[PDB]
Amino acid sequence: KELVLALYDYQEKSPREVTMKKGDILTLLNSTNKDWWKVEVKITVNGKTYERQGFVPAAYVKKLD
């Protein structure tokens, strides 16, 4: 899929948002809302990869693709 770069830190404002740190690279899922983009974060637990999706401000991310 498409990637985006975190321009600035962002603290999630609800469970439906994701927290970013400046310099993070995330997957872009949906950018059709002008203000809020749905992105995807990955974690690993015991060597297995899980994913969580949620909104961040479109202005806080830059498309890399």
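From 1 onward, residues are counted along the sequence shown.
- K13 sits in the lowest third of its chain by CA B factor, as recorded in the PDB entry.
- The entry lists a Cα temperature factor for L26 that places it in the middle third of the chain's modelled residues.
- In this PDB entry, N46 carries a Cα temperature factor that places it within the lowest third of its chain's modelled residues.
- For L64, the recorded CA B-factor ranks within the highest third of the chain. Only modelled residues enter the ranking.
- Among the modelled residues of its chain, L7 has a C-alpha B-factor that falls in the lowest third according to the deposited record.
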